[PDB]
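Presented below is the structure to which this report refers.
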Amino acid sequence: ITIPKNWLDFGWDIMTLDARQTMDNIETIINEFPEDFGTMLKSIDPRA
Amino acid sequence: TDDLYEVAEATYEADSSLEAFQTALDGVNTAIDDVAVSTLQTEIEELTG
């Protein structure tokens with residue numbers, strides 16, 4: 001049963017770490033919207 | 001008595017050959033001591049891995 005132990009330690013990152021990988025991508029992707037909103041405020045403002 | 005001394009020595013042929021059974025049953029244990037204990041090593045390589 002050390003066969004599992006050998007295969008696990010790298011393999012489980014696909015669940016363990018990839019969640020964190022992909023969320024930071026998602027969180028930075030989402031931050032394009034606060035950016036965009038910031039752009040649209042800075043462009044709507046001069047109408048007044 | 002002689003007729004029973006023949007039986008005595010007949011018990012002693014069987015006695016002496018039962019020392020041969022000590023070889024055939026007791027020294028013959030050794031395969032146990034091998035196969036129980038030359039046999040983690042093949043599986044330990046999945047620790048080394």
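Looking for something closer than 30 Å to residue B:46 by Cα and in a helix (DSSP H, G or I) - is there at least one such residue anywhere in segment A:20-31?
Checking segment A:20-31: at least one residue is closer than 30 Å to residue B:46 by Cα and in a helix (DSSP H, G or I).
Could you check chain B and list, in sequence order, the residues that are polar (S, T, N, Q) and more than 30 Å from residue A:5 (Cβ to Cβ)?
Those that are polar (S, T, N, Q) and more than 30 Å from residue A:5 (Cβ to Cβ): B:1, B:11, B:16, B:17, B:22, B:23, B:29, B:30.
Identify the residue in segment A:33-48 that is exposed (fewer than 10 other Cβ atoms within 10 Å of the Cβ) and either among the acidic types (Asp, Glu) or over 27 Å from the mean Cα position of the chain (by Cα) (or both) and, among all such residues, is nearest to the other protein chains (Cβ to nearest Cβ). Give the steps one after another, and end with the answer.
Start the filter on segment A:33-48 by keeping residues that are exposed (fewer than 10 other Cβ atoms within 10 Å of the Cβ), which leaves A:33-34, A:41-48.
Right, trim to either among the acidic types (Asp, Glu) or over 27 Å from the mean Cα position of the chain (by Cα) (or both) and you get A:43-48.
Working: A:43: 59, A:44: 62, A:45: 63, A:46: 66, A:47: 67, A:48: 69 Å.
For segment A:33-48, the residue satisfying everything is A:43.
Please work out which residue is farthest from the other protein chains (Cβ to nearest Cβ), limiting yourself to segment B:33-49 and to residues that are among the aliphatic types (A, V, I, L, M) and part of a helix (DSSP H, G or I).
In this case the residue turns out to be B:35.
Kindly indicate the residue of segment A:1-19 that is more than 14 Å from chain B (Cβ to nearest Cβ) and of a type in the set (D, E, K, R) and also nearest to residue B:42 (Cα to Cα) among those meeting that condition.
So, considering only residues that are more than 14 Å from chain B (Cβ to nearest Cβ) and of a type in the set (D, E, K, R), the one nearest to residue B:42 (Cα to Cα) is A:13.
Note that we place each Cβ from the backbone using ideal geometry, even for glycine, and neighbour counts take in every protein chain shown. Laboratory data are not the source of any read-out in this text; all were calculated from the coordinates shown.
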